[PDB]
């Protein structure tokens, strides 16, 4: 679908309704509980969500840019070509990046759908490429974008984001970019739908400084000691003076929402039988998040530099971090502009300002609890709450909540609304959840616990029920990879829901947070160790030990395969003893290859996309042993990505990346 129209309020105009919007959304939330709290027997409908970047290959000039000129694709697919999509069970939606596409099946998968996830993904991609070939035919007749070739790629990060000639607009600095005020990103990187520039601007005003994300640079023999792309400018005060103060030697400096929300991910949403099972499943998935982030790593480069990290998470986390220096317990970089460190927080509410340990884009803060294995002591970290909100969810006449659930929402409500339309200030709280969604939707976490709407009363069997979103996966290039990882989490979820009486997955939150940091290290999948539960089938107990990703996938006692994957496959009747017997199955062979791909990457036998990309840059004939990705290296890298995406092994690249056996398999067997 397309995003709804309206007049967004800029920060100074909107902050005055902060409390109003929180209040009314809490009431909307209570009506949701009142109406849908007792749903039961909801089927396991689920679905994935992919994001694409449209890349413009200028082959004559050996430059591949982000394509910011074909964004109409999203309106046409939702308008005169919607029937194409519907007939094909796909649906397209806007994302932060003007060059991005997001797409989902049009109807949820129901239980195990085998190769269909992959089939459906391929249809999404086929239709995007179809639209792009259409434009290429028009552009030709109108003599436009000559020499250009546009391809949607499922990249996590565009390696040259914010670097010279990275977008296909000739001279984008011939005007100012007043939304981000970035040194590197023209606001053309932002989707045209007013919501996105409004959010960019609001967060930067509220913060009173630009978002700042310093990523450790890979330190090769000739790597500069500072990010030599930083420059002085005089368009914007204070923002043009922040880089000198905010950057750090040995770190890539980024200063714009686009560097993070302009990155892509794979996300998968699951419907649980009821709220209680949804709380159980959410909690059980908490420590899978950092493990899967490390596992699926696909981001080893930012803003033209090789990084000493392999995932995007911390960059997106900083990219929307609306915390004032006061909330961050640090001084403003420029006290003359950022008055007292309170950024754009209204004076008359500065006395309510809390110190907040984490960005509103950050890993789950709290177990929801409410299940037999839960104990509140597992919530052992610093998690500020909105007491007023806690009070009201505890004591109200519509749906009084248990303390642990109330605490979850109360933490979500420490944040201000950062994107609000005028037309919406007043709602019918009985039927609308827009105010709740204001806050729900701008707490971006490794998982998301998703209430239905007020309309979703137990009698309505097809309404979405209580759902859990799994949000940490990096997006991979091939639809076979993304389907592999979507089916992985599906089997894990079905396993958790099927064996809910016997699986205790609780561990201390502090350990999860620690895992989230470890998950970023370069080559973490290959050697790092992570806190992981010693056993899952054990009352009361919450002992962890430190296990490699390979042990975490394969250990008989606590491994993903022996404790989640194989047991659900046995019980569904796909195997008797072991997932590997799928190799010889007539109906389940592709599933064998999905799981083999997963097993071989978890054990280090096959590279992550991040490792493949990094090898590529390091072995490139034009590489200058200084961590820099040049237009030339970027071009060739993305050309390889294009061939990989299309299973083109003419240069042996697919064999090099998937290994021969998998490569031969996918080259010779379509999903069906």
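Numbering follows the first chain given and starts at 1.
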Mean Cα B-factor check, 537 to 545 vs 94 to 102, entry values; winner is 537 to 545
Of 306 to 314 and 167 to 175, the one with larger mean CA B-factor
167 to 175
Choose from 263, 331, 560, 488 the residue with the greatest Cα B-factor as stated in the PDB record.
331
When the entry's CA B-factors for 153, 582, 289, 475 are compared, the highest one belongs to 582
Comparing against every modelled residue in the chain, figure out the third that the C-alpha B-factor of residue 495 lands in (lowest, middle or highest).
middle
Among the modelled residues of this chain, does the Cα B factor of residue 76 put it in the lowest, middle or highest third?
middle
By the recorded C-alpha temperature factor, relative to the other modelled residues in its chain, which third is residue 410 in?
middle
Third of the chain's Cα B-factor distribution that residue 358 belongs to, per the entry:
middle
Taking the chain's C-alpha temperature factors as the reference, tell me which third residue 404 falls into: lowest, middle or highest.
middle
